[PDB]
Amino acid sequence: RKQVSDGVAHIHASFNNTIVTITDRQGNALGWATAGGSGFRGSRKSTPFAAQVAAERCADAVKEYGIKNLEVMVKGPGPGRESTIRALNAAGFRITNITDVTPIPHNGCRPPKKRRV
RNA sequence: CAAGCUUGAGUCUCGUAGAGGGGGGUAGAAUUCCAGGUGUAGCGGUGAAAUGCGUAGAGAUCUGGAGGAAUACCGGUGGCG
């Protein structure tokens, strides 16, 4: 029901999960996939493979809007930075930018206790 | 006890470095919450789970606002006390 042309892949790479979210150039979200959505719990949720499928499962969900190009913003540490920025290429978009937008405090807020494990 | 001396101890002159102390302003990043827009089924968490949050629209994403605390990089068997 629409055109957009130019979008923005926001990949959010926690340790437990990845969320890819494709959005247009001014913030408004079109589609999203998670690792947990793609049939993966627990150990397998995390992995760089189930980051991939996340990408696809999302590049599938924006045939409708008929995107050609996107920028990739990457927010976080985890596995599926490197994998997910490759599975948006090979599922048939052009990649203009790749950004790292990971929050670093300029010493700010006290984190939680060390784990004893 | 008296009289000295200048090397110990001090005073003055001029400079240099410094997270030394006390009071007053101010900057940017981040977390949390609040009010919106886009959006849809999960999120979060773990060794693996559940309790927990979510179709009363969460998480993701963008805009605006509040507030408190701490000051990335510099940063160093560097420095001051």
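Definitions and limits used
Residues numbered from 1 in each chain as written, not as in the entry; some residues may be left out. Chains lettered and ligands numbered in written order. Part of a larger assembly, values for the part shown. Heavy atoms only, no water. Near = heavy atom within 4 Å. Polar contact = N/O pair within 3.5 Å; in protein donor to acceptor, adjacent residues only side chain to side chain. Helix = DSSP H or I, 4+ residues; strand = E, 2+ residues; numbered from the N terminus. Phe/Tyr/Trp six-rings, centres within 6.5 Å; stacked < 30°, edge-to-face > 60°. Buried < 20%, exposed > 50% of the residue type's maximum accessible area, 1.4 Å probe, protein only. Pairing = 2+ DSSP bridges. Salt bridge = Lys/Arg side-chain N within 4 Å of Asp/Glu carboxyl O.

Method-wise, the PDB entry is recorded as coming from cryo-EM, at a reported resolution of 3.01 Å.

### Overview of the protein's contact with RNA strand B
Of all residues adjacent to RNA strand B, which total 29 residues, the nearest are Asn16, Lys45, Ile104, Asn107 and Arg115. Here the atoms of RNA strand B within 4 Å of the protein split so that 67% fall in sugar or phosphate, with bases taking the remainder. Between RNA strand B and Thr34 there is a distance of 3.0 Å, counted from a phosphate oxygen to a side-chain nitrogen or oxygen. Here a phosphate oxygen of RNA strand B sits 3.3 Å away from a polar atom, N or O, in the main chain of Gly36. Listed by contribution, the elements that provide at least two residues to the surface near RNA strand B are β2 (18-24), β3 (29-34), α1 (43-46) and β4 (69-75).

### Overview of the packing of aromatic side chains
According to the stated counting rule, one finds one aromatic pair in the structure shown. Between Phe40 and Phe49, the ring centres sit 6.2 Å apart and the planes meet at 65 degrees, which makes this aromatic pair edge-to-face.

### Considering the environment of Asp60
Position of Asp60 among the secondary structure elements: in the loop between α2 (49-59) and β4. By relative accessible area, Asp60 is classed as partly exposed at 47%. Separated by 27 residues in the primary sequence, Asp60 and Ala33 have C-alpha atoms spaced 9.6 Å apart.

### Some remarks on the pairing of strand β1 (residues 6-13)
The pairing of β1 with β4 spans seven bridges and is parallel. Paired with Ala9 across the strands is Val72, a residue of β4. Taken together, the seven bridges between β1 and β2 define a ladder with antiparallel strand orientation. Along β2, the bridge assignment pairs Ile11 with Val20. Here β1 folds back onto β2, and the loop between the two strands holds four residues.

### Thoughts on the pattern of salt bridges
In the structure shown here, the tally under the stated rule is three salt bridges. Where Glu71 meets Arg25, a salt bridge forms, and the shortest distance between an N and an O atom there is 3.3 Å. Of this pair, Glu71 sits in strand β4 while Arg25 sits in the loop between β2 and β3, and the two are 46 residues apart along the sequence. When its relative accessible area of 48% is taken as the criterion, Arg25 is described as partly exposed. Where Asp100 meets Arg81, a salt bridge forms, and the shortest distance between an N and an O atom there is 3.1 Å.

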